[PDB]
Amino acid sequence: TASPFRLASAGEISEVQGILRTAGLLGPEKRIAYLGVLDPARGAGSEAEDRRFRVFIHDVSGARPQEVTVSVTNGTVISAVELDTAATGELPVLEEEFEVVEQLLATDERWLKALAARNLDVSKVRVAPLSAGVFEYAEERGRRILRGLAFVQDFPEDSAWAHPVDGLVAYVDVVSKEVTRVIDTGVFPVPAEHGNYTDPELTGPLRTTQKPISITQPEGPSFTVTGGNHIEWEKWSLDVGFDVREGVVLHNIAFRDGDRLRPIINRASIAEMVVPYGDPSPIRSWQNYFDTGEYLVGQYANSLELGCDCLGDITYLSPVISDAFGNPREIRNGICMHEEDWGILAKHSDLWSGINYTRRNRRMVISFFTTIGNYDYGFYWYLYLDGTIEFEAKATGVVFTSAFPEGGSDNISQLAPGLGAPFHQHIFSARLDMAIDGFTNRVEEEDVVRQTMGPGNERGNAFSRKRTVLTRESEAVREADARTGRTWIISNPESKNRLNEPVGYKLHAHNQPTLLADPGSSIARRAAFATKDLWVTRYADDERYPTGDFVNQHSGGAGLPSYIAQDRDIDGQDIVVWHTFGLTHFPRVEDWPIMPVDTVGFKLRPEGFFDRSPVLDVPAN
């Protein structure tokens, strides 16, 4: 029978559109802001498939938006409810709104006055469509607002990011098509130099010194793809999903240990990311973009070109999403899958036995790349031969710019003459619905323990470890402690290895700084997840995002801080780990005019999950 974890197909999306149409929910004034398949319910699979899709529907004529779930299998509406967005949050930004901010401002007298003072041709002024957040403007409550920051393009192929127009910001109601405010705090020179990284004047002559590196697989890859998205590779099994909000998600990560298929992670995703800015200028002090929750990173996934984006023997998935009208849209070559050599796996040359042994490692890679305005991110999941699981985000694109003030700044870096880059962070939340050997799991926080020289430790060399079980959600909001080697172990207290110890996996964080904003800020309330490194909740099918379902213009407190208050039992239960991890970015000159990739991530390693090394059966190369 068909797997309930298969990717949405074009025909399923069309059937959703048809169901909504027949139900009276998708007339010509409606736009789909989000649409995605839902995961099967726990315990389903008893020969009764029910593929459900969830949809957020916007109305361009001013009516209230709706959240709808349909059964594509049964042709039915499961639920449909109108949303009061002043309470629940606005819907995600629509792609069609990316152009609207500039269009509305181009005929506004106040905007034109600001541009004329600066001798800027309106036809050359791009306006970034920036999420608004919630600040002191009471008139915005319940309205769908974007804010606009201007960047000059000297010609149509020019990089506008080189030419920010500082001192100017505008706010627009994208439904009533009105400009609510135009704030001009003062003229700043528009930085003069271009940032055109394909112009020979700036690149100089291209180097001719790189000789080819050829990666091939003469017998093809060692993984198989069946059922469209089910991967089998080197003992691992999983399904690769794709959601317009989250991007690539991994389901049913399991490892075949002899004859048993042993679950490890039920669902892995990046359930939110946020980019908070640290410049106190009123032109930018409101800026915090939730690329996942506000913009939907899957929607903007790039088509990945062979030889350029993914090198070697690549197998692609081309996931389908909905356009704004409910028609299917394929993202051609949007997901790369391939295996890579990964150096030495294990090596020992033994003087006493005379045996010399070396084995090589490899990893399975599942990745996509997305672009939301100036920034571009690659999301990479890795599975290693030895049972390690890793995620890595690769941040690149063009840094968000400003003017560089006269006389310097404590909150902005200089990149070029007169050109600044405000300080900011990129903070991710990985939602790991755990299933270590099945669903009965618990988390322990493990710290190194230093011991005092004295009785029982007379030479002062001993050290130890302590593990603390997180028993209820009230105790499951944790912070890093790099100095004490803090990690978190997810174990199954009812499944023991051959040494009579509970099987587990250990989460190794990078221990980067968490959200720096003041705890009384709007962003600290709207991105509360980002203030702590590790959260553990009891699984609930509707607790999907650490920021809640409607992030755009939500006033704060949604998501994890609300979920956790239920104080549910997490000691040997079906649980979800939410790991916050991020990059703090004080931009450097080398990041301009296009940023070399920088990375952040985390990994999980088996910890007494196996009865011995799981890679003793790897052959000599």
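The numbering used is simple: start at 1 and walk along the sequence shown. The term rigid core refers to the most C-alpha atoms you can superpose between the two forms while keeping them within 1.5 Å.
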Root mean square C-alpha distance from this form after a core fit in 7 other deposited structures of this protein: higher for 36-44 or for 63-71?
36-44
Relative to this form, superposed by the core, which stretch has the greater CA RMS in 7 other deposited structures of this protein: 593-601 or 21-29?
21-29
Which wins on mean Cα temperature factor, 453-461 or 547-555?
453-461
Selected stretch [higher average CA B-factor]: 37-45 or 572-580:
37-45
Kindly indicate the residue among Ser474, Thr85, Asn374, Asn361 with the greatest C-alpha B-factor in the PDB record.
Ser474
From the entry's CA B-factor values, the highest among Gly312, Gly148, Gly278, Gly298 is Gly312
Hey, what third does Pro129 fall into on Cα B-factor, ranked over its chain?
middle
Chain-wide C-alpha B factor ranking for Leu25, given as lowest, middle or highest third
highest
Compare the C-alpha B factor of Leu560 with those of the other modelled residues in its chain, then answer lowest, middle or highest third.
lowest
Using the B-factors in the PDB entry, rank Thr599's C-alpha atom against the chain and give the third, lowest, middle or highest.
lowest
Compare the C-alpha B factor of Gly387 with those of the other modelled residues in its chain, then answer lowest, middle or highest third.
lowest
